[PDB]
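Two versions of one and the same chain are coming, encoded as structure tokens; call them structure 1 and structure 2.
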Structure 1
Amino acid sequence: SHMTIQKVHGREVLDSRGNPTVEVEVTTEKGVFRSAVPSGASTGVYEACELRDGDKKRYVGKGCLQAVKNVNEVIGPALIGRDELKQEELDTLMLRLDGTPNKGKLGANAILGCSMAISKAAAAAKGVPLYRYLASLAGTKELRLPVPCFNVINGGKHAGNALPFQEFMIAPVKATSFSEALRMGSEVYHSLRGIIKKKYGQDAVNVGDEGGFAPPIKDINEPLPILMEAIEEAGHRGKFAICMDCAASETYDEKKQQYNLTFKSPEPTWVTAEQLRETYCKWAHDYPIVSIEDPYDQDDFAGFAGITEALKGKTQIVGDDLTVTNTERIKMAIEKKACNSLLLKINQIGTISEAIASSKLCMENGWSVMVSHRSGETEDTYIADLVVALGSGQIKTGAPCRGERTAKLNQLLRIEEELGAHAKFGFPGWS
């Protein structure tokens, strides 16, 4: 009993946008284990409940005092004296404590920090690093360092510009180590700054929420030649692929059944799903675009399925808002062959146990898994250990810029160093 959970404490802290979020400490005799909860901007309608206070006098309603109170007064007291090694048992307890399908009573943002911190306390009890403990929970046969997918031109709800689509990413798929991947990503990011500055001016080189440049671009095709130029200039021709996150739900109008490609402007630029399909086909032909995330609205299973079939073998189609890391939505996606990659967001579902189940489900059905940050991140590095633990070969955790992004990339350097020179790197289908 001396080896059990001794204390559980929640507190309100700031995320990388200056918005409140929840952090939790679980204390055992082995130490203090701290996990913070991230927060999305383009949040899917099917995501678990992110509970906020709504007090206009604090952070104009974005406080997390209630979620923190739920940790301190409800969840914490239930965990005290419990065996932190029983991840599934304790995750299930918290699910039952909440008692709702969407974690709407206690908050996914109260539950998740507890789930995370328990797993860290457990890894410490076992005497192994977090990634090793999580690999055991997930039954992973082979750890690997992932190819990082760097969102280097920021748009959508993440940036001050006309650009409707959210993420334009570069991935050093031909790197042979994580160390080399990170350096190559950084080097391209640096040549890209100069290219943008020359083309658009110095007012164009400030950064969006995920550390990507936020140039004054309206056209969704316009960033792509710029990415290729940057890759070339940095000396890395042929070593990189491109990943896209359209976050297309954010541009979708349900009543019109069209997508507004200028939703951040005075006018109106309405396009059909069919107009998007041929844009995506042209993208995949003209560039090494190996991944497209949320190409259509989050309930457009037919549109998703169409493009998944059309780019099969060339470009993986990633469910993010479609699937929300939720086994129920994933089962619908599998049945409809709507996509073939899961974007894994721990806070879309709200427990580690459920997020792991989602990963295994997708992998057993032949999908890839790309572990992801949110656009509102913290100094927390949990997803670095998680992606290695799942052995998925794919992470997106920002441009190589801003500490809430670089903290993850740096943790991956530390994990790589621990595993040594025979540690596997990358996503085999892209290598």
Structure 2
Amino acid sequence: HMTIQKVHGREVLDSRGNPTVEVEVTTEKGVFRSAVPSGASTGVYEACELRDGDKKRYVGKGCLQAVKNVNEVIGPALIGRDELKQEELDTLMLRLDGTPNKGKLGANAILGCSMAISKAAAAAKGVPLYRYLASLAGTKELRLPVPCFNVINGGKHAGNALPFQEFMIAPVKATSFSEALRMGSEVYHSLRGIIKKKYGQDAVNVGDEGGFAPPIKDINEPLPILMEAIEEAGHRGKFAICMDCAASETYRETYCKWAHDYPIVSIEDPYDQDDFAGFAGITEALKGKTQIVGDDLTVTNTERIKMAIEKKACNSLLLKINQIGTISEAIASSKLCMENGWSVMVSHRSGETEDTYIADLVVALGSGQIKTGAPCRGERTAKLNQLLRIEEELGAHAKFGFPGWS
């Protein structure tokens, strides 16, 4: 009677206006709803995102097939099953699909089911999602993440001269999540001021993740601009910088000069996705100052991660749940990486929804790191606000931040 009563999928819109999959699992504890995020990326090592390719609906981007797979294949298999058995049910769905890349059912059919199950299970246990996921991960200490706010784009993400994809600011010396979020917002607002004054009113329109694409011609206005923003808002010394080079899109000393001159604590994809040797060199070169994050390198792929660990190619995992497509697998990859000395930065996609799962997930992993947007656009602020709520439930002795950056 305490088991799964109904499983239903539907198409919804993501924050770019493209369809994605949302899944509701219904038990006697209520209706538990989860939506799947989406990137513009592909991705030979990513789990399969299934699109319709009907040029008459959403120019080939419909998710009716993925939704049908939920409604007619996974759903029927889940009815009457005990939602508490996460591993068992995720493994079930892996075996239902039967392919190494989730190419049959679609990772975007399976993931919504995986997430909504875990929410129904947390409710059945009488604890919030983050607590339930922490039990699943064996996490000894919960913690609120320092948020890494996307603030200047960025290569393929802007029409400007800049070769690298993202410049983030991170309130690492904040002592609480509440404080971290207000600091991030305050610097984001002075940055907007600085950009408006230099480049004009239109220059403060925002990219997909809520950050700006100012017309920077000077490939090093951006880092000084970010320091200026941090000063003006009043938080000198309280912030670090995180970069995403997405260097594949362009394909070491330069990286040393920026880290030495600025407080850069993190650089994601500094080299091409197959330049394991170059990755390894920069990881060694900046060890203990600047962490190196695998994204296009690792693609939340189990064998790519095992590779990276073995070759010491990076020391931080970017965790995109939709890239692997089950919660049991995502947690396993987080645990594995942490066991080998790595940090984990939980991540949004460019195509996000009002869903807030990654807020509870980053807390539950206790990783101290989340990349979920600028403090702007509701598909980013939904996460940041969920983190405020989690912090409030945990009370004043709740741990904040990434120990290495504090």
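Residue 1 is the first residue of structure 1, and the numbers go on in sequence order from there. The term rigid core refers to the maximal set of C-alpha atoms that superpose within 1.5 Å between the two forms.
When the two forms are superposed on their rigid core between the two structures, the C-alpha shift of 2 Å or more among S191, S179, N221, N72 belongs solely to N221. Relative to the superposed rigid core, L97 undergoes a CA displacement smaller than 2 Å between the two structures. Once both forms are fitted on their rigid core, the CA atom of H158 lies 2 Å or more apart between the two structures. Relative to the superposed core, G44 shifts its CA atom by 2 Å or more between the two structures. In the core-superposed comparison between the two structures, the CA atom of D286 travels 1.3 Å.
Superposing the rigid core and comparing between the two structures gives a CA shift of 2.4 Å at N326.
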